[PDB]
Amino acid sequence: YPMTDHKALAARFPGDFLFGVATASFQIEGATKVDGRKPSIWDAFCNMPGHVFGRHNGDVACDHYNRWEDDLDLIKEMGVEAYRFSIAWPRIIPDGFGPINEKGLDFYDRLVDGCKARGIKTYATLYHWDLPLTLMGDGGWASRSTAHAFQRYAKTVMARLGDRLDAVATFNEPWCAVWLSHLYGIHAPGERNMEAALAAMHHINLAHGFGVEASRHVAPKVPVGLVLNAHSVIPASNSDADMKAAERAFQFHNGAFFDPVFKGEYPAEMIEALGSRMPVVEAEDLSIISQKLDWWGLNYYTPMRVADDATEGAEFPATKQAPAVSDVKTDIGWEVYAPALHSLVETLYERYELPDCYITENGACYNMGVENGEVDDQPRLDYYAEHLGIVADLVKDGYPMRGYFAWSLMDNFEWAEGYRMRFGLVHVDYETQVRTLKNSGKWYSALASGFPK
Amino acid sequence: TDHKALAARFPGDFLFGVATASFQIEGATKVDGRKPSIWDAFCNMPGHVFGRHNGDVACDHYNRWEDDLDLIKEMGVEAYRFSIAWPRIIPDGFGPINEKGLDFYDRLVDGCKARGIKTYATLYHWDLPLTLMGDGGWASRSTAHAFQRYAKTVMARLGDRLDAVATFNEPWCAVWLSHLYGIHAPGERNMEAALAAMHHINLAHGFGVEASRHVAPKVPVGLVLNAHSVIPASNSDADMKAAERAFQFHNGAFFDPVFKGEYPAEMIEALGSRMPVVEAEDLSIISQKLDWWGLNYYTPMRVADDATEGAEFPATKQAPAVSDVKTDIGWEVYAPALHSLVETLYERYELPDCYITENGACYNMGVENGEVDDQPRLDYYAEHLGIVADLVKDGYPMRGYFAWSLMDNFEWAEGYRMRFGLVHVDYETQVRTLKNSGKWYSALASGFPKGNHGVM
Ligand SMILES: OC[C@H]1O[C@H](O)[C@H](O)[C@@H](O)[C@@H]1O
Ligand SMILES: OC[C@H]1O[C@H](O)[C@H](O)[C@@H](O)[C@@H]1O
């Protein structure tokens, strides 16, 4: 049972708690070929049949590149203190390496100015998956040179925006950019090769480290973070095999990123099984990867239930999907189970020395539209109540949970799922570009408005 | 293999050549304005190419081309078949023309002229500018129009000197091998993408023919196809219907539109709903008349019916080899499949003059004694040229023959491991060594053109 009474729920949060809404550049911007933007690997992935539902693409999206003032006005009306957004590398350095696109920088310059004027805090993500297509020539993330391209891109953005940005994250979800994109073939560039994935793994960890150094060198005032979909790993049974399975799944899906960044090492059992196939790790890599961060971002939606897979010749971590425990599912099919969020954060703060935590993404897919000038999305409202409940519990128990960004300000391009899957607090009619604040959004606004106190 | 007796089986004006492709030999992948091709991306992402081999070095031809031309001249080979790198000419696919790129081929073509070497250029031999992948590569119709402009750009500069041009080399590879089987760049395995690539390459061929004739009307225009010699596993009804389905899919998909102005009926029945839009004028554009056509032949395609539930058209599976002779890449040697193939094609379609634009064999032996003993290559050539001479005697319009690899080179997904050259290349020293097969081929080709002399 949720609870949902906002006035009560609001009492459970400290006065300086940060409430936000989140978007990503490719998902909402459109204007793919204007002001010097060159193609990203997602433009390619969309336009090649077989990868994205309906062959949907980012050409128009929410037209946010043009309508951004309205959107910031909306965040202002909702009384949301913070906006988490991503910056398009294809706009800043269209070829990945090469000339800087001054018009690219100009746009986010204005965007940040726009937020500053409205008293909206800025949480920027440098990389939320739109890698300049040209970088695939050298091998993309499988090439170490791509990390150096990112390095220069980060130093460029932070030099321009560092005097106003409230916070910066290097990467959004290495798990997706790494395994889902290079091992499972589901996200761009759509590869299914362990050697390629391991290369991407290390080079993205490396690029993060280069990114930290770059930010601090040109904008040392801005708190630097990293955003991770750490998976709440839950065994199917308490059998010895399933417990061991959950630990391996943890090392592979979480440790591959958390241990290098926060412990300056890769997980030992993972190295045993997969080490021989990694690219060169240079003497100074791990110490660069493991620089101290001022904050970190957690993205969470649903647990990762695993069982052992004893199949002959199963690759590490040799696990398979266990069935859902809750009956409740979102429209995209993900199990709804709030307490996995609690145990996830506990495990992480026991296992790693972590800085302040912001819940950088939390939300649900529910595809109801506009009937009677209102969007009736009670199951989404329920979701936020139930999960914010857990976040308040974490605050009570002493964890340094400093903020929460509701995932998806508005409906947008949902990657492989195209425009089919809505995650927004605000409905978008893609034929008129009209924004309609959903009922869940009215609720979240009623909660967020009372902060700061 | 007596080369004198074999030489006599050919007409005096028969054309002997050696063949090459831009990405396989050139190197200099980042020089003079060249942007990446889909094959640079393909090579450099682990899992696609043996050893992760790439085209960066290759045979360093971009730097050593005059020496390689002198080599062709010294061999006595009259013709040179090569491809032009689109990534050097219009590096983003669309976008600004790169003059440095054009100059290189301009100077190459001048070098062929000065040496008396006839030029048979291939506009597209698989090196698509990576940027075009932004719109969906060959799955986007726009890519055909980019080619069209590329085609026109090249022929405007080179058309006053080129002896001949082919639009595309092997639609089958660029279409099915690249978009359905995932073996070649860009490495897709999707029928919808492959069908889009199929029509868009056919269409691009047509645009190319018109573009070339618009700016260089005198230049003979062709298309190079690895037409598959489809042989059934048995004469069973199921196997023979399968061979015909296979012919339609692997050959008909390209031969029918180009030479009959229609797609194969049964194939349209199984797959047409998943094809891209065929605009009103498309098929007439595709089926413009050609002055010649190139056949690439290596080995037969033996097939059997596959009754597996839901097996997609053409619903066939590989059948086993009849000969037990195989090249080092694993391809059956079976020369008579060349004869039956050519005769099938000429009965089935109305075709212009034929050149064998590729024929050769993978054998990986290297330099020992300062010499390369590649008898199986030589044996392969003598036997296949015999077949070509049989086709001549039977009255088939066989005008010329190009040996498959002037030199060992980057062999696509196989990297540098699989050698096809008449000339051995040591990739550390870049030293060219003429193999024994090369000596033999030079001996044969040197007698042509036979020239005006008496008889008795
Ligand atoms: O549904 C997935 C949503 O959460 C993901 O973790 C991504 O960070 C976000 O872009 C996406 O839309
Ligand atoms: O092995 C295949 C060889 O034949 C194919 O016909 C190609 O056109 C050539 O580039 C390749 O090297």
Side-chain angles (χ1 to χ4, degrees), chain A residues 32-33 37-52 54-59 90 94-98 130-146 181-183 185 188-203 277-279, chain B residues 23 29-30 34-49 51-52 54-56 87 91-95 127-143 178-180 182 185-200 274-276:
Chain A
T32 45
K33 305 180 184 225
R37 182 180 180 288
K38 290 188 177 188
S40 86
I41 63 179
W42 270 90
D43 294 286
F45 202 60
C46 286
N47 288 333
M48 179 65 66
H51 297 303
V52 178
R55 223 184 296 173
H56 290 188
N57 73 19
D59 292 350
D95 291 281
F97 282 118
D130 45 345
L131 187 76
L133 174 62
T134 298
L135 292 172
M136 292 297 123
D138 303 308
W141 288 114
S143 179
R144 182 180 178 99
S145 59
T146 298
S181 303
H182 295 88
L183 182 56
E191 294 282 342
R192 294 169 158 94
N193 175 280
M194 179 58 91
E195 228 200 290
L198 290 165
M201 178 195 65
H202 187 61
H203 301 153
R277 285 172 286 170
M278 284 176 59
Chain B
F23 188 75
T29 50
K30 298 200 178 81
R34 184 188 178 277
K35 288 176 175 290
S37 77
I38 54 168
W39 271 96
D40 298 275
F42 201 55
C43 287
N44 285 330
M45 173 70 59
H48 295 304
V49 176
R52 196 188 317 177
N54 75 26
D56 297 350
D92 276 317
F94 286 107
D127 49 344
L128 192 70
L130 174 55
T131 300
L132 289 169
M133 296 306 294
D135 305 298
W138 284 112
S140 166
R141 182 180 189 96
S142 53
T143 304
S178 295
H179 295 84
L180 182 63
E188 294 290 351
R189 296 160 190 255
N190 181 278
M191 180 63 71
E192 190 173 339
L195 289 166
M198 168 198 73
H199 184 61
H200 297 159
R274 288 178 276 169
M275 279 184 59

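Each chain gets a letter, A, B and so on, in the order the sequences are listed, and its residues count up from 1. What's counted below: heavy atoms across the whole structure, side chains too, no hydrogens, waters or symmetry copies.
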Note to self: Minimum heavy-atom separation for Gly139(A) and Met45(B), please, with both atom names.
What the structure shows: O-CE, 3.4 Å
Notebook entry, point to check: So what's closer than 4.5 Å to chain B heavy atoms on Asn193(A): side chain, backbone, both or neither?
Noted result: side chain
Check: Given a strict heavy-atom distance threshold of 4.5 Å, which part of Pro39(A) is in contact with chain B: side chain, backbone, both, or neither?
Finding: side chain
Checklist line | Residue pair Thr131(B) / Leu133(A): nearest heavy atoms and the distance that separates them | finding: O-CD2, 3.7 Å
Note to self: Which heavy atom of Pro49(A) sits nearest to which heavy atom of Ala193(B), and what is that distance?
What the structure shows: CB-N, 3.9 Å
Notebook entry, point to check: Heavy-atom distance under 4.5 Å to chain B: side chain of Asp59(A), backbone, both or neither?
Noted result: neither
Margin query: Heavy-atom cut-off 4.5 Å, strictly under: side chain, backbone, both or neither for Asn54(B) against chain A?
Written below: neither
Item checked: Best-contacting candidate, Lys30(B), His48(B), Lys35(B), against chain A by heavy atom pairs under 4.5 angstrom -> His48(B)
Notebook entry, point to check: Is a side-chain N or O of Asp43(A) found less than 3.5 angstrom from the main chain of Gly134(B), in a donor-acceptor match?
Noted result: no
Margin query: Less than 4.5 Å to any heavy atom of chain B: does that hold for the side chain of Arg55(A), its backbone, both, or neither?
Written below: side chain
